[PDB]
């Protein structure tokens, strides 16, 4: 039974936050009760949703109620990141299951954990608290190694911290349609990882890059753009995999 899904990988700039935000947008639209949790001190998901918070995840880990920390956004709830969050890293280091205990998210159908571009204690807290992992990757050649490494990390976390942890899927993001290289990398990703790679692929599209600067999801910003259609179908695909898991 997959409820909590971590968005994670080694690198930054690979589409974790974009996928977190827009999956939430379309899963809410599918009639699910969704909580988006921003675990990045840089607070990109919080910012990309137009929200300025004084209280967030930091304050959840200290004991303050979930209900009075969340912000209603585009038909879902955001548990924001605040500029304080950085000061939990040292405590969470040595306490990988802290988020798992602090998350009393019984009311929500699906919980999206937007992890930072590290394997920091916050990323590890994400992995330890989740049942599913979506791994965004560019259709670029380094992705095969990056993926294999992440998969080995997942295996290690499953063996030592969280036996519920499973790869939901590898998601190809920022697929550049102007070039044949993306085709070739996608084909190799599928050749090597098979059914683990989602069939839905997220196009590189200006409207997706634009959306966070406006503090809006792609469903609010550009609902008929190539990225909107893709994330809507991805939400359907994610639900199919959750249902079959």
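Residue numbers count along the first chain shown, from 1.
Set 87-95 against 125-133 and average the Cα temperature factors; 87-95 ends up higher. Relative to one another, 203-211 and 59-67 have unequal mean CA B-factors, and 59-67 is the one with the higher figure.
Compared with the other modelled residues of the chain, the Cα B-factor recorded for residue 12 ranks in the highest third. Among all modelled residues in its chain, residue 118 ranks in the highest third by Cα B-factor. Placement of the Cα temperature factor of residue 2 within the chain: highest third of the modelled residues, per the deposited record.
Compared with the other modelled residues of the chain, the Cα B-factor recorded for residue 51 ranks in the highest third. When the CA B factors of the chain's modelled residues are split into thirds, the value for residue 161 lands in the middle one.
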